[PDB]
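Student: Residue numbers (PDB author numbering), protein chains in the order written: chain B, 13 to 43; chain A, 1 to 43.
We put the beta carbon where it would ideally sit given N, CA and C, even for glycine.
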Amino acid sequence: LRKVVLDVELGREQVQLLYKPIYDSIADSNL
Amino acid sequence: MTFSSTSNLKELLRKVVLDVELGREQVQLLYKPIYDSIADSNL
């Protein structure tokens, strides 16, 4: 018979960059 | 002469029935907001 999969919601949660409002970014490859 | 004499002869008297509005209450589907439908005719 036909095979059907229960399309359930799994997978690890996405992670967000929460630090940005605090730190003052300094970007330079010369450091 | 008395109406009580002819009371039993129901076929002579006008038949009137008072409306009652009797029946069965409609049954709504309350579960719809909670569930996610998966309609497939070959499950």
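#1: Assuming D40 (chain A) and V16 (chain B) make a contact with CB atoms under 8 Å, what is their CB distance in whole Å?
#2: Any beta carbon of chain A sitting closer than 7 Å to that of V27 (chain B)?
#3: Please confirm if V16 (chain B) has its CB atom under 7 Å from at least one CB of chain A.
#4: In whole angstroms, what separates the C-alpha of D19 (chain B) from that of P33 (chain A)?
Tutor: This is what the structure gives:
#1: Correct: roughly 7 Å between the Cβ atoms.
#2: Not closer than 7 Å to any Cβ of chain A, the Cβ of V27 (chain B) fails to qualify, so no.
#3: For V16 (chain B), the answer is yes, since a Cβ of chain A falls inside 7 Å of its Cβ.
#4: When rounded, the distance between both Cα atoms is 19 Å.
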